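S.K.: Sequence plus experimental coordinates follow:
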Amino acid sequence: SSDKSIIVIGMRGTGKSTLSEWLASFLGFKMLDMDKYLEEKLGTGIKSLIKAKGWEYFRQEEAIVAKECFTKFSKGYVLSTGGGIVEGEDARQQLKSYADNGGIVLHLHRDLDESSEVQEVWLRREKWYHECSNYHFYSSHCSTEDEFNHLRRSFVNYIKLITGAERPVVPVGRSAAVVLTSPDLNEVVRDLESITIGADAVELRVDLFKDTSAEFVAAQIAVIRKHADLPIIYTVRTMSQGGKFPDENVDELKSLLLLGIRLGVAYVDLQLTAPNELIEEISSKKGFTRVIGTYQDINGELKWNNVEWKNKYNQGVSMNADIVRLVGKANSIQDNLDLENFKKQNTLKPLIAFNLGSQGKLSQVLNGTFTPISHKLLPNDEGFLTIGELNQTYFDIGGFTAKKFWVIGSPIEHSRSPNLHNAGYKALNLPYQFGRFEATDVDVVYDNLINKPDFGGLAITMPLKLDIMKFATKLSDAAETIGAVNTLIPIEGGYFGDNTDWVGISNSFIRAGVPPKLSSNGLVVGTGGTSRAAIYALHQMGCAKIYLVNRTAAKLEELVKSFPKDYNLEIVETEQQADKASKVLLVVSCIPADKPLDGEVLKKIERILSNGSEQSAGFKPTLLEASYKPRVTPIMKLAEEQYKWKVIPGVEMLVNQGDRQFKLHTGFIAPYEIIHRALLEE
Ligand SMILES: [Cl-]
Ligand SMILES: [Mg+2]
């Protein structure tokens, strides 16, 4: 993780102050509004200063503030510049110098509800914004909560990439990449969530766009980031490699590849036949974007024992590509078996390798890394399999086996876990099925379900969340700390016991606009079944303090003893202490919701809810209700209507803990829209 401050530039939206605050909350940085910094230093508002002292004077003082901030606050700050800072060449050179010295100058582009004066300040400034920044991100306009979640998650991965905090992790298991081949993604915009079912990345074929200008390419990536937080593989396939981009337009190719890096794509594709100066420049400027070095035998006459494949693979190793990709053509089914022997002999780098053609299907089914898949709504001239066909054939050759998964507990009749997981299996065409099993003894569960040849995994609910832990040979850290297991899967030598209850809580917050890491504090109300997972989740999110409110203190005093001291659990003993609880922006209610709030508990809650409105952390104060019924609980009604908190019903926690459970059971990312709908449907 980089400690260097981030400078944000770009046109002023009425909420780009919020975005810089949000980013600061995520990074643990301080937010510095450079406009207010100038206004407080000079003792006057910016508007009054301009009309009284002139534009030239204002830009001089703006440049002076920039010079101080860029060196005095060069560590641990989000420096939010005034929108017009790029109007002065003094400030422009300071921005360029900051990026030249290894800093991030981030151009946050906004739609501004896409008074013609705005479009036209934009026309005058747009080139300046580009030249003064080394990174660009579209803060697009979203119309649904799911679009907002995709954009923010895309933003998080982007920030983690460009700051060097965390590179995209190359998949170790089987993985797939849906190949986006549309000339304009706006034609399938409402289908993108379904198109990406089963994919671990999206491969963007830039050369297939109807327009390859930088503006069109950037808008296409914006469309994706509103509908998928999957990592992007950015590909400009040339004509000599089966694509549409002319091989002779080398400067234009380099510019597009550099544009991908500036947009923080997870992977950029490089053709091994490209001029080596182009390859070396991109690789030396890739930063933390990963490189896939690709060669394709277009005429398809090479055999997999040909020396050309060895030379190409070794070129990929010698250029330190993160992934090598070699694509042949199958003129017989033996071409796929020859390729398997090649895969066995070249393991220094991760390798994407398969044969094209109807006779090459076997190689695409057996491929391990980022297997290209398509979708009925996309052009598919290369003839890739859909996720369902890929999973169908893999089962039919023995790659999958008919596994059985179960939810266990008592009572179990009204569990919605089977509906969630079976809908996920259906959409992925997995040969799995999910059932329920009423039980009070974990030993009858082991004899009937676990110790069976087709045992896939367990979902565990009351009253067996501790009794099941005796069968786990490997325990998750969260399972140990919370002291309960709700997911059991077979592994080598035994079984893995995990707890996804806390994952359901934090992802509920994240999906509601909360950054996945923050600096503010949290509150847990009550001692319900998910109160332990709530504490663990709040600590995972980075809450410096976790306050506790309850009717009885003895339950809370034992709660503090049962967690590590560095969790900073603090009991709210009085109403006065509730009024002075600092920076409480997250609340998990774990109290019974069948009765109304009353007593000292209500008075403590009201004071904390009242203090949530003015903290400027970049997101609304957010309350998560743990109770599944009723949908709107008294604490929810109070926080939302009286104090204007953001409010999350308990059903969201259920979907999100099942979402994580689905990944642990199957290894696949669950299709979120489908499993969310399946748990809600009555
Ligand atoms: Cl339990
Ligand atoms: Mg061949």
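M.R.: Thanks, I have the structure now. Numbers count the residues shown, from 1 in each chain. Ligands and ions are numbered 1, 2, ... in the order given.

S.K.: pretty sure residue 434 is touching residue 403, no?
M.R.: No. Residue 434 is beyond contact range of residue 403, at 9.9 Å (criterion: C-beta atoms under 8 Å). The C-beta positions use only the backbone N, C-alpha and C, and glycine is treated the same way.

S.K.: which of these two has more neighbours?
M.R.: In this view residue 434 and residue 403 are compared by other C-beta atoms under 10 Å, and residue 434 has more residues nearby, 24 against 19.

S.K.: and the protein, what are its domains?
M.R.: Using curated CATH domains, the domain parsing of the chain gives 6-161, 162-397, 502-655.

S.K.: closest one to ligand 1 among those domains?
M.R.: domain 502-655 (7.2 Å; C-beta to the ion).

S.K.: near ligand 1 at all, that closest one?
M.R.: No. Using C-beta under 5 Å from the ion, we find that domain 502-655 stays clear of ligand 1, coming within 7.2 Å at best.

S.K.: Distance from that domain to the middle of the chain?
M.R.: Chain-centre distance of domain 502-655: 24 Å, with C-alpha atoms, centre = their mean, to the nearest Å.

S.K.: mind checking the end-to-end distance for it?
M.R.: Start to finish, the residues bounding domain 502-655 are 12 Å apart (C-alpha to C-alpha, to the nearest Å).

S.K.: Adjust the sequence numbering to begin at 462 for everything that follows.
M.R.: Yes, from this point I'll number from 462; that puts the last item at domain 963-1116.

S.K.: ranges for the helices of the stretch 762-911 of the chain?
M.R.: Assigned helices in the stretch 762-911 of the chain, in chain order: 768-779, 795-806, 822-827, 848-857, 878-889, 903-906 (criterion: DSSP state H, counting those that start in this stretch).

S.K.: just to revisit the earlier point, can you add distance to ligand 2 and mean neighbour count and give the domains of the chain back as JSON lines?
M.R.: Shown next, in JSON lines, are the domains of the chain (distance: least, C-beta to the ion, whole Å; neighbours: other C-beta atoms under 10 Å):
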{"stretch": "domain 467-622", "distance to ligand 2": "36", "mean neighbour count": "17"}
{"stretch": "domain 623-858", "distance to ligand 2": "5", "mean neighbour count": "18"}
{"stretch": "domain 963-1116", "distance to ligand 2": "45", "mean neighbour count": "19"}
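
S.K.: Save the ones you listed as JSON lines, and put in distance to residue 870 too.
M.R.: Shown next, in JSON lines, are the domains of the chain (distance: least, C-beta to C-beta, whole Å):
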{"stretch": "domain 467-622", "distance to residue 870": "30"}
{"stretch": "domain 623-858", "distance to residue 870": "29"}
{"stretch": "domain 963-1116", "distance to residue 870": "12"}
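
S.K.: dump the residue contacts of the residue nearest to residue 919 when sequence neighbours are not counted.
M.R.: Of all residues not flanking residue 919 in the chain, residue 949 sits nearest, at 4.1 Å (C-beta to C-beta, 6 or more residues apart in numbering). Each residue near residue 949 by C-beta atoms under 8 Å, 6 or more residues apart in numbering is listed here: 911, 918, 919, 921, 929, 932, 933, 956, 957, 958, 959.

S.K.: next one: residue 635
M.R.: Residue 635 makes contact with 829, 830, 832, 1128, according to C-beta under 8 Å, 6+ apart.

S.K.: Pretty sure residue 647 sits against residue 685.
M.R.: No. Applying C-beta under 8 Å as the test, residue 647 and residue 685 come out as separate, 11.3 Å apart.

S.K.: and the residue of the stretch 762-911 of the chain found nearest ligand 1, what is it in contact with?
M.R.: Across the stretch 762-911 of the chain, the shortest distance to ligand 1 (C-beta to the ion) belongs to residue 870, at 7.6 Å. For residue 870, the contact set (C-beta under 8 Å, 6+ apart) comprises 876, 899, 900, 921, 922, 923, 924, 925.

S.K.: picking up where we left off before, so can I have a markdown table of the contacts of residue 635 showing distance to ligand 1?
M.R.: Supplementary listing: those in a markdown table, determined by distance: C-beta to the ion, whole Å:
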| residue | distance to ligand 1 |
| --- | --- |
| 829 | 38 |
| 830 | 40 |
| 832 | 40 |
| 1128 | 26 |
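
S.K.: Please identify the one among those that lies nearest to residue 1008.
M.R.: Nearest to residue 1008 out of the contacts of residue 635 is residue 1128 (C-beta to C-beta; 37.9 Å).

S.K.: Please report the distance of the closest one from ligand 2.
M.R.: Distance of residue 1128 to ligand 2, computed by C-beta to the ion, to the nearest Å: 31 Å.

S.K.: Distance of the closest residue to residue 719 other than its chain neighbours relative to residue 557?
M.R.: Leaving aside its sequence neighbours, residue 719 sits nearest to residue 746 (C-beta to C-beta, 6+ apart; 6.5 Å). Distance from residue 746 to residue 557, counting by C-beta to C-beta, to the nearest Å: 16 Å.

S.K.: where does this protein come near ligand 1, residue by residue?
M.R.: So far as C-beta under 5 Å from the ion goes, the chain lies against ligand 1 at 923, 924, 926.

S.K.: Now with 8 Å, please.
M.R.: By C-beta under 8 Å from the ion, the part of the chain that sits against ligand 1 consists of 870, 921, 922, 923, 924, 925, 926, 927, 928, 945, 990.

S.K.: Kindly reformat the contacts of residue 635 as TSV containing distance to residue 691.
M.R.: Output for these, formatted as TSV (distance: C-beta to C-beta, whole Å):
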residue	distance to residue 691
829	18
830	15
832	14
1128	16
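
S.K.: still on that earlier bit, buried ones only from the residues of the chain next to ligand 1, please, as a ChimeraX command.
M.R.: Entered in ChimeraX, the line below selects the buried ones among the residues of the chain next to ligand 1, by 16 or more other C-beta atoms under 10 Å:
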select :870,921,922,925,926,928,945
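
S.K.: Among the contacts of residue 949, which ones are in strands?
M.R.: 918, 919, 921, 956, 957, 958, 959 (DSSP state E).

S.K.: Please identify which of those is nearest to ligand 2.
M.R.: Checking these against ligand 2 with C-beta to the ion, the nearest one is residue 918 at 40.6 Å.

S.K.: Just to check, the closest one is in contact with residue 947?
M.R.: No. Contact criterion C-beta under 8 Å: residue 918 and residue 947 do not qualify, at 11.2 Å.

S.K.: how near is the residue nearest to residue 764 when sequence neighbours are not counted to residue 823?
M.R.: Excluding the flanking residues, the one nearest residue 764 by C-beta to C-beta, 6+ apart is residue 799, at 6.2 Å. According to C-beta to C-beta, residue 799 and residue 823 sit 11 Å apart.

S.K.: what's the answer for residue 1112, then?
M.R.: Distance check for residue 1112 against residue 823: by C-beta to C-beta, it reads 43 Å.

S.K.: now residue 1104
M.R.: 61 Å.

S.K.: Can you give me every residue that contacts the single nearest residue of the stretch 912-1061 of the chain relative to ligand 1?
M.R.: Nearest residue of the stretch 912-1061 of the chain to ligand 1, counting by C-beta to the ion: residue 926, 3.4 Å away. Residues in contact with residue 926 (C-beta under 8 Å, 6+ apart) are 945, 946, 947.

S.K.: The second one: what secondary structure?
M.R.: Using DSSP: H, G, I helix; E, B strand; the rest coil, the secondary structure recorded for residue 946 is coil.

S.K.: Nice, that's everything, thank you.
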